[PDB]
Structures are given as C-alpha cells and as structure tokens.
>>> print(open('my_file.csv').read())   # CSV, C-alpha atoms
chain,number,residue,atom,x,y,z
A,2,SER,CA,-5.1,-13.0,-18.3
A,3,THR,CA,-8.2,-15.0,-17.5
A,4,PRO,CA,-9.9,-18.3,-18.6
A,5,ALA,CA,-11.7,-18.4,-22.0
A,6,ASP,CA,-13.8,-20.8,-24.0
A,7,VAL,CA,-14.4,-20.4,-27.7
A,8,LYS,CA,-17.2,-22.1,-29.7
A,9,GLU,CA,-18.1,-22.1,-33.4
A,10,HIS,CA,-21.8,-21.9,-34.2
A,11,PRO,CA,-23.0,-22.2,-37.8
A,12,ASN,CA,-22.8,-18.4,-38.5
A,13,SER,CA,-20.9,-17.0,-35.5
A,14,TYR,CA,-18.0,-17.4,-33.1
A,15,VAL,CA,-18.6,-17.2,-29.3
A,16,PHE,CA,-16.1,-16.2,-26.6
A,17,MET,CA,-16.8,-17.0,-23.0
A,18,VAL,CA,-14.5,-15.2,-20.5
A,19,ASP,CA,-14.4,-15.5,-16.7
A,20,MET,CA,-14.7,-12.0,-15.0
A,21,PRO,CA,-15.7,-12.4,-11.4
A,22,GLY,CA,-16.3,-9.0,-9.7
A,23,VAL,CA,-16.0,-6.8,-12.9
A,24,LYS,CA,-18.8,-4.3,-13.2
A,25,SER,CA,-20.1,-3.6,-16.7
A,26,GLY,CA,-18.6,-0.2,-17.4
A,27,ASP,CA,-15.2,-1.7,-16.6
A,28,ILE,CA,-15.7,-4.1,-19.4
A,29,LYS,CA,-14.2,-3.3,-22.8
A,30,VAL,CA,-15.1,-5.2,-26.0
A,31,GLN,CA,-13.1,-3.9,-28.9
A,32,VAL,CA,-12.1,-4.6,-32.4
A,33,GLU,CA,-8.5,-3.8,-33.4
A,34,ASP,CA,-7.8,-3.7,-37.1
A,35,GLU,CA,-11.1,-5.5,-38.0
A,36,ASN,CA,-9.6,-8.9,-37.3
A,37,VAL,CA,-8.7,-8.9,-33.6
A,38,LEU,CA,-11.2,-9.1,-30.8
A,39,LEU,CA,-10.0,-7.5,-27.6
A,40,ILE,CA,-11.8,-8.4,-24.3
A,41,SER,CA,-10.9,-6.5,-21.2
A,42,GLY,CA,-12.2,-6.0,-17.6
A,43,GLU,CA,-10.8,-4.7,-14.3
A,44,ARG,CA,-11.7,-5.8,-10.8
A,45,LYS,CA,-11.5,-3.2,-8.1
A,46,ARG,CA,-11.7,-3.0,-4.3
A,47,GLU,CA,-14.6,-1.8,-2.2
A,48,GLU,CA,-12.9,1.0,-0.3
A,50,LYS,CA,-10.7,1.2,7.3
A,51,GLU,CA,-14.1,2.6,8.3
A,52,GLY,CA,-13.7,0.3,11.2
A,53,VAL,CA,-13.4,-2.5,8.6
A,54,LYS,CA,-10.4,-4.7,8.7
A,55,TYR,CA,-9.4,-7.4,6.3
A,56,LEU,CA,-8.7,-10.8,7.8
A,57,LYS,CA,-8.0,-12.7,4.6
A,58,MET,CA,-7.3,-11.4,1.1
A,59,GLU,CA,-6.8,-13.9,-1.6
A,60,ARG,CA,-8.7,-12.3,-4.5
A,61,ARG,CA,-6.2,-10.5,-6.7
A,62,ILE,CA,-7.6,-7.4,-8.5
A,63,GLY,CA,-6.5,-5.5,-11.6
A,64,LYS,CA,-7.2,-6.0,-15.2
A,65,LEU,CA,-8.2,-9.2,-17.0
A,66,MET,CA,-7.5,-9.1,-20.7
A,67,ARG,CA,-7.5,-11.6,-23.6
A,68,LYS,CA,-7.0,-11.0,-27.4
A,69,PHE,CA,-8.6,-13.2,-30.0
A,70,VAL,CA,-7.6,-13.1,-33.7
A,71,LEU,CA,-10.1,-14.4,-36.3
A,72,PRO,CA,-8.8,-15.1,-39.8
A,73,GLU,CA,-7.8,-12.1,-42.0
A,74,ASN,CA,-10.5,-10.8,-44.4
A,75,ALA,CA,-13.0,-11.9,-41.7
A,76,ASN,CA,-14.8,-8.6,-41.0
A,77,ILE,CA,-16.4,-8.0,-37.6
A,78,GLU,CA,-19.6,-6.2,-38.3
A,79,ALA,CA,-22.1,-7.7,-35.8
A,80,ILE,CA,-20.9,-8.0,-32.3
A,81,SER,CA,-22.8,-9.2,-29.2
A,82,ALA,CA,-21.9,-9.0,-25.5
A,83,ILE,CA,-23.5,-10.5,-22.4
A,84,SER,CA,-22.4,-10.1,-18.8
A,85,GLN,CA,-23.9,-12.8,-16.5
A,86,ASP,CA,-22.7,-14.3,-13.2
A,87,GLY,CA,-19.2,-13.0,-13.8
A,88,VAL,CA,-18.9,-14.6,-17.3
A,89,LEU,CA,-18.8,-12.4,-20.4
A,90,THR,CA,-20.1,-14.0,-23.6
A,91,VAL,CA,-19.2,-12.2,-26.8
A,92,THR,CA,-20.7,-13.5,-30.1
A,93,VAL,CA,-19.0,-12.2,-33.2
A,94,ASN,CA,-20.0,-12.7,-36.8
I,2,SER,CA,-11.3,-24.4,-4.1
I,3,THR,CA,-11.7,-20.7,-5.1
I,4,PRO,CA,-10.4,-17.3,-4.1
I,5,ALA,CA,-11.9,-15.7,-0.9
I,6,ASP,CA,-11.6,-12.4,0.9
I,7,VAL,CA,-12.7,-12.1,4.6
I,8,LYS,CA,-13.4,-8.7,6.3
I,9,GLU,CA,-14.4,-7.8,9.9
I,10,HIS,CA,-17.0,-5.1,10.3
I,11,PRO,CA,-18.0,-3.8,13.8
I,12,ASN,CA,-20.8,-6.4,14.3
I,13,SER,CA,-20.3,-8.9,11.4
I,14,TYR,CA,-17.9,-11.0,9.3
I,15,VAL,CA,-18.0,-10.8,5.5
I,16,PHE,CA,-16.8,-13.5,3.1
I,17,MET,CA,-16.3,-12.7,-0.6
I,18,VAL,CA,-15.9,-15.7,-2.9
I,19,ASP,CA,-15.3,-15.8,-6.6
I,20,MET,CA,-17.8,-17.9,-8.5
I,21,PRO,CA,-17.9,-17.0,-12.2
I,22,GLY,CA,-20.6,-18.9,-14.1
I,23,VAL,CA,-22.4,-20.3,-11.0
I,24,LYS,CA,-26.1,-19.9,-11.1
I,25,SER,CA,-27.9,-19.1,-7.8
I,26,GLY,CA,-29.6,-22.4,-7.1
I,27,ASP,CA,-26.3,-24.1,-7.5
I,28,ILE,CA,-25.0,-22.0,-4.6
I,29,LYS,CA,-25.0,-23.5,-1.2
I,30,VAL,CA,-24.5,-21.4,2.0
I,31,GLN,CA,-24.6,-23.6,5.0
I,32,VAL,CA,-23.8,-23.7,8.7
I,33,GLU,CA,-22.2,-27.0,10.0
I,34,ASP,CA,-22.2,-27.4,13.8
I,35,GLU,CA,-23.1,-23.7,14.4
I,36,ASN,CA,-19.5,-22.6,14.1
I,37,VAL,CA,-18.4,-23.5,10.5
I,38,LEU,CA,-19.7,-21.6,7.4
I,39,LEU,CA,-19.7,-23.7,4.3
I,40,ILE,CA,-19.8,-22.0,0.9
I,41,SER,CA,-20.3,-24.0,-2.3
I,42,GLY,CA,-21.1,-23.6,-6.0
I,43,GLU,CA,-20.9,-25.7,-9.2
I,44,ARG,CA,-20.2,-24.4,-12.7
I,45,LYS,CA,-21.8,-26.4,-15.5
I,46,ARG,CA,-21.6,-26.6,-19.3
I,47,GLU,CA,-24.2,-25.2,-21.7
I,48,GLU,CA,-25.0,-28.4,-23.6
I,50,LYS,CA,-22.9,-30.6,-30.8
I,51,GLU,CA,-26.0,-29.0,-32.3
I,52,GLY,CA,-23.7,-27.9,-35.0
I,53,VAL,CA,-21.7,-26.2,-32.3
I,54,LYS,CA,-18.1,-27.2,-32.0
I,55,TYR,CA,-15.6,-26.0,-29.3
I,56,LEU,CA,-12.4,-24.4,-30.6
I,57,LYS,CA,-10.9,-23.6,-27.2
I,58,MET,CA,-11.9,-24.8,-23.7
I,59,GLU,CA,-9.9,-23.4,-20.8
I,60,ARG,CA,-12.6,-22.8,-18.2
I,61,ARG,CA,-12.7,-25.8,-15.8
I,62,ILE,CA,-16.1,-26.6,-14.4
I,63,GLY,CA,-17.3,-28.5,-11.3
I,64,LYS,CA,-17.7,-27.5,-7.8
I,65,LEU,CA,-16.1,-24.6,-6.0
I,66,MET,CA,-16.1,-24.9,-2.2
I,67,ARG,CA,-14.6,-23.2,0.8
I,68,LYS,CA,-15.1,-23.7,4.6
I,69,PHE,CA,-14.7,-21.0,7.2
I,70,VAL,CA,-14.6,-21.6,10.9
I,71,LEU,CA,-15.5,-18.8,13.3
I,72,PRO,CA,-14.5,-19.1,17.0
I,73,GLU,CA,-16.4,-21.7,19.1
I,74,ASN,CA,-19.3,-20.3,21.1
I,75,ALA,CA,-19.8,-17.9,18.2
I,76,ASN,CA,-23.4,-18.7,17.2
I,77,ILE,CA,-24.5,-18.0,13.6
I,78,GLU,CA,-28.0,-16.7,13.8
I,79,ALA,CA,-28.2,-14.0,11.1
I,80,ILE,CA,-26.8,-14.8,7.7
I,81,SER,CA,-26.7,-12.8,4.5
I,82,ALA,CA,-26.0,-13.8,1.0
I,83,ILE,CA,-25.5,-11.8,-2.2
I,84,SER,CA,-24.6,-13.0,-5.7
I,85,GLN,CA,-23.3,-10.4,-8.0
I,86,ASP,CA,-21.0,-10.5,-11.1
I,87,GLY,CA,-19.8,-13.9,-10.1
I,88,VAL,CA,-18.9,-12.9,-6.6
I,89,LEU,CA,-20.8,-14.2,-3.6
I,90,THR,CA,-20.7,-12.0,-0.5
I,91,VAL,CA,-22.0,-13.7,2.7
I,92,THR,CA,-22.3,-11.6,5.9
I,93,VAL,CA,-22.5,-13.6,9.1
I,94,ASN,CA,-23.1,-12.2,12.6
>>> encode(input="my_file.csv", output="structure tokens")
Amino acid sequence: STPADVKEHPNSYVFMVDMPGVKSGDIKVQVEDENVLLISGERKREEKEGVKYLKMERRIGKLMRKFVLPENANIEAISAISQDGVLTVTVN
Amino acid sequence: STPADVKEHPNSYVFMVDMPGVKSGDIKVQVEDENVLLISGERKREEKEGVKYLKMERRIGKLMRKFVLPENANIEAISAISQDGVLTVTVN
C-alpha cells in the first residue's frame, strides 16, 4: 500500500499516488473489468563492491492500490504521469 | 521525517532519502558546522476551480533529516541527485 489522493474535475477523475524510487517500466496502470483502476509499482535495490550499508530504512517491494469507479462507468481515456516519485493518473 | 538509506563507498558516503512530490528548488542540502549534513524538502498542494477532492491521504509539509559524520571529517565535495522522488547525496 501507498498514499493516494483522488480529485474530481468536471469531466475526469485524478489519482495521485506516492511512488518514490519506482522506475517507469516498473509502473503498472491497468483496468480490471472496465470499472476498477489498478495502480502498481515496485521499488528495487541498487545492487558489496566494496560498498557497505550503514543505515537502511527505505523498505522496497511493490506498492499497489485499487480504485473502483461506479459501475457502468467505462474507462476509455486514461492518462499517466510520473514525476518526482508521484504518479498522476487521469481517468475519464 | 522521511526514510533514509546510508551507504559507505571507498572514498565517499551516500545518503538516499525518499521525497515524493518535492520539486527541486524546494530541496535543501546543507552543511552545518562542517560535520553535519542537513537534507530538507517540502511537498506542496496543487491549488476549487470546479475541482473537488474525494480522497486525501498524502500529507504535505517538510521532510527533513540530519546526518552527522565524524568530527574532523570535512565536507568539501558534495553531490546531489533528484530522481523519481529519491534524493541521493554523496559526500566526501
């Protein structure tokens, strides 16, 4: 799981998800069953080449959130922006 | 506060801080007293133009972490990268 904001513009819904350290290509934006918007991203490690960790507090692995819009609300136009670790998806 | 990793390369220390949604220009990287590395960033809101929030779980405001290297360890060469909401500072 990961923090999300959701806004309602006149003709669109906007989902804002935190994803520090997720490379695009590890981001999934997906519609399940035409109603559910599925947002997903995995943070990975930069692989002891004489490099030792002194402190490790950033957990890695997958961030994921599902969002259901009303039934009979068809997703036909989807938008995705990755910027500064925040993913903004705009769905009709 | 915000998650940080710290690695030790042969000739350098590396600090990796999560900062989703912080624009460079709102990032501060600073040496206090030649020994202490001070990393700072503030997340802000994109300002009802017919736009209404339905869900708001991303907290905003300042992220900040201090890191003290040993005394008599002089910071003369500092490095800062912002990428995908992660700030990597490399300090001699």
>>> atom_distance(input="my_file.csv", atom1="CA of residue 6 (chain I)", atom2="CA of residue 19 (chain I)")
9.0 Å
>>> closest_residue(input="my_file.csv", among="A:65, A:91, A:71, A:79", to="residue 23 (chain A)", atoms="all atoms listed in the file")
A:65
>>> interface_residues(input="my_file.csv", of="chain I", to="chain A", cutoff="8 Å", atoms="all atoms listed in the file", output="PyMOL selection string")
chain I and resi 4-11+19-24+52-60+84-88
>>> atom_distance(input="my_file.csv", atom1="CA of residue 78 (chain I)", atom2="CA of residue 28 (chain I)")
19.4 Å
>>> residues_near_point(input="my_file.csv", point="(-13.1, -6.7, -33.8)", cutoff="10 Å", atoms="only C-alpha atoms", output="PyMOL selection string")
chain A and resi 30-40+68-71+75-80+93-94
